[PDB]
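Residue numbers (the deposited numbering), protein chains in the order written: chain A, 1 to 221; chain B, 1 to 221; chain C, 1 to 221; chain D, 1 to 221; chain E, 1 to 221; chain F, 1 to 221.
Just so it is clear, CB atoms sit at the ideal spot from N, CA and C, and this is done for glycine as well.
First the structure, in the form of structure tokens, and then the observations on it.
6 protein chains.
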Amino acid sequence: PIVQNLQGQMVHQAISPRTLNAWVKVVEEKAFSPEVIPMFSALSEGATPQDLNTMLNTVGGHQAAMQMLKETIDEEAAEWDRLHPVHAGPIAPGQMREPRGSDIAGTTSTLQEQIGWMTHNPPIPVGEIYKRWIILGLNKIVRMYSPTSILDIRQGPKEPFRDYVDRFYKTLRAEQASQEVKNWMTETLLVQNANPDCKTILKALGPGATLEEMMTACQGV
Amino acid sequence: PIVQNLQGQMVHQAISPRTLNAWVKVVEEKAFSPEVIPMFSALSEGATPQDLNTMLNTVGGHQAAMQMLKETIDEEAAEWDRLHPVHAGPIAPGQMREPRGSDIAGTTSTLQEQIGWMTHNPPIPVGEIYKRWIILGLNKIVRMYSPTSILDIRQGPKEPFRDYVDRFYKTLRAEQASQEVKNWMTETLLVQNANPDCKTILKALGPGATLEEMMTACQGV
Amino acid sequence: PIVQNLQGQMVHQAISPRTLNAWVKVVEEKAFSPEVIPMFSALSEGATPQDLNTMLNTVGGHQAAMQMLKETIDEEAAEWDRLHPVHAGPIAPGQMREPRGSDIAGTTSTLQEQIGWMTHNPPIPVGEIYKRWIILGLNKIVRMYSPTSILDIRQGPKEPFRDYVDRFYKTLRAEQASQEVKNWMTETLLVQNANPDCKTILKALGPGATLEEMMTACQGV
Amino acid sequence: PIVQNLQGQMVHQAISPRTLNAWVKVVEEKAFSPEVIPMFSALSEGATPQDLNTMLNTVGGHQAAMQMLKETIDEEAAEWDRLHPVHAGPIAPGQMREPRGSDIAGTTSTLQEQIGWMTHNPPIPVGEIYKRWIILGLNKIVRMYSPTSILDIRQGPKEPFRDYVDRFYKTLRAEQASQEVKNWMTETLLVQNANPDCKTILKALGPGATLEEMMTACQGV
Amino acid sequence: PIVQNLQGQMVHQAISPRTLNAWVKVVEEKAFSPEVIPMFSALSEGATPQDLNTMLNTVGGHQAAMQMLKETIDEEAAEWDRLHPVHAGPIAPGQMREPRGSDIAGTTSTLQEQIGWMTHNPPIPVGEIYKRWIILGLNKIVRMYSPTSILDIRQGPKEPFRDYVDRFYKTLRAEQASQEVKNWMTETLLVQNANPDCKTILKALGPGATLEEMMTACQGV
Amino acid sequence: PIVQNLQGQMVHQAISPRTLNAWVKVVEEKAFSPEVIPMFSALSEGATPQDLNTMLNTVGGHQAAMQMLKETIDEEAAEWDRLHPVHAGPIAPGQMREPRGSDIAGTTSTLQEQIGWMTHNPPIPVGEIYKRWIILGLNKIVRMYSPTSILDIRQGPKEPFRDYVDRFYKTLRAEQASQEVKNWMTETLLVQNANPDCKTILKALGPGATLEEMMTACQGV
Ligand SMILES: Cc1[nH]c2ccccc2c1CC(=O)N[C@@H](Cc1ccccc1)C(=O)N(C)c1ccccc1
Ligand SMILES: Cc1[nH]c2ccccc2c1CC(=O)N[C@@H](Cc1ccccc1)C(=O)N(C)c1ccccc1
Ligand SMILES: Cc1[nH]c2ccccc2c1CC(=O)N[C@@H](Cc1ccccc1)C(=O)N(C)c1ccccc1
Ligand SMILES: Cc1[nH]c2ccccc2c1CC(=O)N[C@@H](Cc1ccccc1)C(=O)N(C)c1ccccc1
Ligand SMILES: Cc1[nH]c2ccccc2c1CC(=O)N[C@@H](Cc1ccccc1)C(=O)N(C)c1ccccc1
Ligand SMILES: Cc1[nH]c2ccccc2c1CC(=O)N[C@@H](Cc1ccccc1)C(=O)N(C)c1ccccc1
């Protein structure tokens, strides 16, 4: 991450061992379950692209995912370059160059250049921009390693409603969908794919009911 | 959370890895037992809505609960909007907008906007307001995942009184009730649902006795 | 707890995750053995009543005890109110009210009010006053969950003296007694309830002997 | 590592116990898998050559590797000496000497000399230079303890594509290759060495496809 | 422990949870082996008598020892009182009283009084004085729970010399003895109680030999 | 260790619980393997002789070693005294005495005296001098508890070369030898004591080959 030093200057903070071990443990234990993302985001708050790279490099295994991640990073780095053309020429002495997509991703930029941009007034938030891309890739990975689709989730004959909902929202959390699509999957699927005895009750509760109500209503069978 | 920096400015504090791992462990180990709430409250002291969101996002599983939580958040966000109408128009340059319910819940607001409100003089405590709502939802969850009601708690024939009381107060802690309702459940149920041998003794101690006294009095059988 | 900020002002310190997890572990592992009290006292040093409440709320189980604890808190809160009558009227604008027993216990007081009192010049140490009450209740709990009395502790025929003493002082630590009563239990019981072979020796050492001496003297049989 | 003290002066920071234990655990658990490198780099940020030496010295076992490491360090130290000839003579009183390769590697230099160079204006970044060499050696070790070559990686008849890719990129991460060579191994091998059923599909997707697409396309068989 | 605050004043530092848990673990795991003492001393550096009391109170079990500890504390507190008579009278308003033995042991003194003495110019180091007494008691305990005497340590027929020495110095570390007595036990016992084959060799090495030499000399049989 | 306080003065830093527990764990788990030394050195950076003593005192067991350690300390303390004669006389009021060997080892010196010397301008680095001696003893211990000599290390008929080298360098790390002696053991033994099939190959590589090359060359059999 980054802080201002004793005096005026602005210095890099080494990522702690705890922050590191935590990120590695998350991944060993949770693979690419959705909750990994928040965790990465949390553990990376204030990060430079180096740091972010570091963090990603500390994962062993999941290299298929990691390659998808790079391709997503790449995809975005191109789009950045296209929206912000740079001017290759005489870079005015000790004066800051404009970052390219590769400079944001850390491949063509130093830590010192990175800090430089991040603490500029006004700042170029290269860490956050790189972070946004990384999370994009992380979503994709999450979808890809979701073993089931929302359409394959039906309540079991003898499955309490609470657990169907659990499985449904869990599955739903791991989908490619805008918010509007998830909403739609909910409105269409949740009641439809409930089992017969509970489905009848819920049809009767009508479309304005809360989940608390739905669960209450299917409690007794 | 939030602190004032080296100099005048007011900066975000990343939630630590310990605070994170602790919240995740709590939930893996305790599901939605009542004590989870304090723990969440403690681990979240000083939090911005982002942070709170982060914390909630780091839980995998319990997605039925988490959906109830959102609906409760939503319910409250509406009520806020209704009690505080905002004026959509020209937001005066670099000047702070009034938060909506969605801005409090973090969905339509940035961290920078959030800090802004939290450290304003006089402040809009958006973290505490969002926290209050989240705890509301957390109570509801707690009730919903309580597998037994206070009325189903009777002392076993051969159950020491100490343990009946344990089960009764534990059950009672997980109920929807104002303080006045819990009091009432106590005054009506605790002695009534004690087993015969202990019940006689307690009727004889009379209604002003403490629990220490009650336990003392049923010690010997 | 509480500290003075960067500048002049006096701010709340969130109780750490370590302090929290430690208190929870203590109780899971030790129930209400005497040593729990020091531990609570240590983990709570500098605490506001909120914090103390937090800590107590984080224990799941032991709810019979916790109810005794509240009754003891209540008992004390009444006594406080009786010794310090407050004047209900126009609370002079932004000026500090006198705390009631409920304000000390945290039920009718905010954190901000609490800090206010704790850092007043001269201060009202509401945390320490609430702490003293809580420890009182904690003693009572300790006595109540002590499964044996000092009078039931006799040295086994083939029990080395060292271990009898261990059991005796352990039992003695968990009693309701002033210091003078414990002293008395010692002077009357320890030698009397030793087994015959060791008892004879100790009668011969006479009443001024130390425990080191007593143990030395019963070493050889 | 290094920080500026209370006042003007610039002082050494002891490497923490956590940073140490973490590095030792990494190696016990992961031997010389690629991810070890980032970890070492992370745990060593800001390090003086002493510290780096310390860290390396704390590994027991892997002494064949460690000897390769020294030889690589040595190789580099020579190259440094050759590119930067020093002038042996009267070292001007309390004035800084130019570092040799051995002074960078820590063998002929003190901590005080090391700090001196690192915080000079303009600085001689001896820690980073030594770090770069150490990582070079660490790469070599990584290659040497890679038990399989990229050419020996073929998808199993009944191996989902996802896992072949995993094994391929993992193997590829542990190779001696410029970026251009890895690219080349990819373009030549990945599709070629896929199993027949998946290979046909991928030939049909054509050379511009992403891995996400490739995995999508071989999903269904 | 104790530190000077933000501004001029001198404030108490709560003993950390780590320092606490560490002391409790030491004792659960090591009982009263000699090394416990250093550990206690280390964990208690800078402590007030409250803190020290706290630490001692956090041990459950070993109550026979703990009672010996109090008697030793008591013994010393008396001796202090006798060497430093106090003058009971009008304690000059807000002016510091002279500590008694009970004030040093914490029983008749507050934390505020304790800090007061510890940071006085010139200081009364009540923590160190109480610490010295506590360690005295701790030595005694150590001796008392040493199950074997230095005279009972003979090298086994087939016991390598290294291990005899280990057992001998370990036993010797747990004895009541001035330095001069330990020296004497060494000079008299170590060689004498070695087994015949090794004893002959050592007699021949003569009285100026080091242990390194002794071990070298008995290596080969 | 040591730091300058809030204001001008220079104060002792208690060794942390983590630094302590870490040193104890190292030794329980690793006995006197070579890597223990770095670890001790790392964990002790900035230490006063008290602290160092503390650390050594916290090890239980290994008392034969610890006695060798003292003798080595003693040996060195004598040599110091002989090279720096002190003048016993009127020690000029509140003025610093010259340290003896016993004052460096901590036996005749206080912490306050120790800090005094360490922070003097110009300083007497008593911690580093004592540390150097302790490490000397630690080397000796390491040699003594090395169960095998470099001459007894031959490659197994069916032992990959990598593992022979591992065993050889590991053994070599635990020897009494100047750098020049180790070099010599290498040049003479490593190839000579390799097994026949690998030995022939290595003779053919010639004396300038690296270990990387040697391992490469014996890879294939
Ligand atoms: C955890 C989760 N499950 C989902 C299933 C489908 C789609 C999204 C999700 C999410 C992420 C998810 O939406 N998380 C919430 C935070 C949150 C988590 C858990 C309970 C309540 C609030 C979030 O990030 N935001 C901004 C948010 C905050 C309030 C209301 C709605 C959204
Ligand atoms: C822990 C608990 N069990 C209950 C059962 C029924 C209703 C509520 C509860 C509670 C929460 C509960 O009431 N917790 C207490 C704190 C507390 C916890 C444990 C012992 C003593 C004090 C609390 O939050 N407040 C403000 C409080 C403080 C003093 C007296 C009464 C209330
Ligand atoms: C630990 C313990 N066991 C008891 C048995 C009967 C009554 C009380 C106790 C106690 C608490 C107990 O008395 N603890 C001691 C601290 C202590 C603990 C252990 C050894 C020495 C000193 C204490 O709090 N104080 C103020 C104290 C200090 C010195 C002398 C006497 C009392
Ligand atoms: C982790 C990994 N696997 C490889 C296989 C072949 C070659 C190299 C590697 C690497 C290291 C690897 O390339 N790591 C990445 C960081 C990274 C790791 C994981 C996912 C995305 C980005 C890196 O260090 N840099 C500078 C980088 C950043 C963005 C794009 C490309 C490279
Ligand atoms: C650890 C130990 N074992 C003993 C056996 C008999 C008597 C005493 C002991 C001790 C304590 C013991 O003497 N510990 C040493 C520290 C120490 C520990 C281990 C190795 C070297 C130095 C100590 O405290 N001091 C002041 C000391 C320092 C140098 C030389 C001699 C004494
Ligand atoms: C770890 C080790 N194994 C040995 C075997 C024989 C003799 C010595 C050793 C050592 C200690 C050893 O030499 N450690 C190295 C640090 C080190 C450790 C591991 C790999 C590379 C560099 C060291 O302390 N120094 C000053 C050093 C630094 C660079 C080159 C040569 C020496």
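#1: Please say whether A/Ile134 and A/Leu69 have beta carbons closer to each other than 8 Å?
#2: Mind checking if B/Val86 is an interface residue toward chain A, Cβ cutoff 8 Å exclusive?
#3: If you drop the 5 nearest sequence neighbours on each side, which residues of the same chain put their C-beta closer than 7 Å to that of C/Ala65?
#4: Per DSSP, F/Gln4 is paired with what?
#5: If you reduce the DSSP assignment to three classes, tell me which class B/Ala88 lands in.
#6: Helix, strand or coil for residue 224 of chain A? Go by DSSP, reduced to three states.
#7: What residues sit near ligand 2, counting only those whose C-beta is closer than 6 Å to one of its heavy atoms, in chain order?
#8: Are A/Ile104 and A/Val126 close, meaning C-beta to C-beta below 8 Å?
#9: Given this structure, state the Cα-to-Cα distance separating A/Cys198 from B/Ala194, to the nearest angstrom.
#10: For the putative contact between B/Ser41 and B/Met55, defined by C-beta atoms under 8 Å, what is the C-beta separation to the nearest angstrom?
#11: For a contact meaning CB atoms closer than 8 Å, what does C/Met39 contact in chain B?
#12: Relative to the C-alpha of F/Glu75, which residue among F/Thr188, F/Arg132 and F/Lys158 is closest?
#13: Report yes or no: do the segment 162 to 169 of chain C and the segment 86 to 96 of chain C share at least 3 C-beta pairs separated by less than 8 Å?
#14: Give me the subset of the segment 163 to 185 of chain A whose CB atoms are less than 7 Å from a CB atom of chain B, sorted by chain position.
#15: Going by C-alpha distance, which of E/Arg173, E/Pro207, E/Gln176 and E/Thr200 is nearest E/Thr188?
#16: Tell me which residues of the segment 134 to 157 of chain B have at least one Cβ-Cβ distance to chain A shorter than 8 Å, keeping chain order.
#17: Which same chain residues end up closer than 7 Å to D/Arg173 when comparing Cβ atoms and leaving out the 5 residues on each side of it in sequence?
#18: My understanding is that B/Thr48 touches B/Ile2, with C-beta atoms under 8 Å, so please give their C-beta distance in whole angstroms.
#19: Do you know offhand how far D/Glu128's Cα is from C/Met10's?
#20: Determine the chain C residues that contact B/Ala31 at a beta-carbon separation under 9 Å, and present them in chain order.
#21: With distances taken from CA atoms, which of E/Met144, E/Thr148, E/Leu136 and E/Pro196 is nearest E/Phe161?
#22: Just by C-beta distance, which residues in the segment 45 to 57 of chain E are closer than 7 Å to chain F?
#23: Please look up how many angstroms separate the CB atoms of D/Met39 and D/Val24, rounded, as I've assumed it's under 8 Å.
#24: Cβ atoms of B/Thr186 and C/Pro17: under 8 Å apart, would you say?
#25: What is the C-beta distance between E/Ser109 and E/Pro122, in whole angstroms, given that I count them as a contact (C-beta under 8 Å)?
#26: Quick one: does D/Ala14 have its CB under 8 Å from some CB of chain F?
#27: For F/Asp51, collect the residues of the same chain with a Cβ closer than 6 Å to its Cβ; drop the 5 residues on either side in sequence, then sort them by chain order.
#28: Going along chain A in order, which residues have a C-beta closer than 7 Å to the C-beta of B/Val59?
#29: With DSSP collapsed to three states, give me the class of F/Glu75.
#30: Taking only beta-carbon positions, decide if C/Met68 is within less than 8 Å of chain E.
#31: Quick one: which residues of the segment 102 to 116 of chain A get their C-beta closer than 9 Å to a C-beta of chain D? List them in chain order.
#32: Quick one: does F/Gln192 have its CB under 8 Å from some CB of chain E?
#33: According to the neighbour-count rule (16 or more other Cβ atoms, all chains shown, within 10 Å of its Cβ), is A/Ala22 buried or exposed?
#34: Check each candidate in D/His62, D/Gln13, D/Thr107 and D/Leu205 and name the one with the smallest Cα separation from F/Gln179.
#35: Which complete alpha helix (DSSP H) runs does the segment 117 to 146 of chain B hold, if anything under 4 residues is left out?
A quick look at the data gives this:
#1: yes
#2: no
#3: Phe32 and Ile141
#4: F/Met10.
#5: coil
#6: The requested residue 224 of chain A does not occur in the structure, where chain A is confined to residues 1 to 221.
#7: Listed by chain position, these are B/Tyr169, B/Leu172, B/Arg173, B/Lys182, C/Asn53, C/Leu56, C/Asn57, C/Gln63, C/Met66, C/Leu69, C/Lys70, C/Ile73, C/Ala105, C/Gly106 and C/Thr107.
#8: yes
#9: The straight-line gap from Cα to Cα measures roughly 37 Å.
#10: B/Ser41 to B/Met55, Cβ: 11 Å. No contact.
#11: Neighbours of C/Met39 on chain B: none; closest Cβ ~17 Å, over 8 Å.
#12: F/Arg132
#13: no
#14: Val165, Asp166, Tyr169, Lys170 and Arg173
#15: E/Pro207
#16: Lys140 and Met144
#17: Cβ within range, chain order: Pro34.
#18: About 7 Å; that satisfies the 8 Å criterion.
#19: For D/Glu128 and C/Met10, the distance between alpha carbons rounds to 43 Å.
#20: Within 9 Å Cβ-Cβ: nothing; B/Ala31 doesn't reach chain C, min ~11 Å.
#21: E/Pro196
#22: Taking 7 Å as the Cβ-Cβ cut-off, the segment 45 to 57 of chain E approaches chain F at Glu45 and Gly46, given in chain order.
#23: Contact flag wrong, Cβ pair sits at about 11 Å.
#24: no
#25: Incorrect: roughly 19 Å between the Cβ atoms, too far for contact.
#26: Output row for D/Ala14: interface = yes.
#27: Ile15
#28: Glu35
#29: helix
#30: C/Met68 does not count as touching chain E.
#31: none
#32: no
#33: buried
#34: Of D/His62, D/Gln13, D/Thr107 and D/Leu205, the smallest CA-CA separation from F/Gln179 is found for D/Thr107.
#35: 126 to 144
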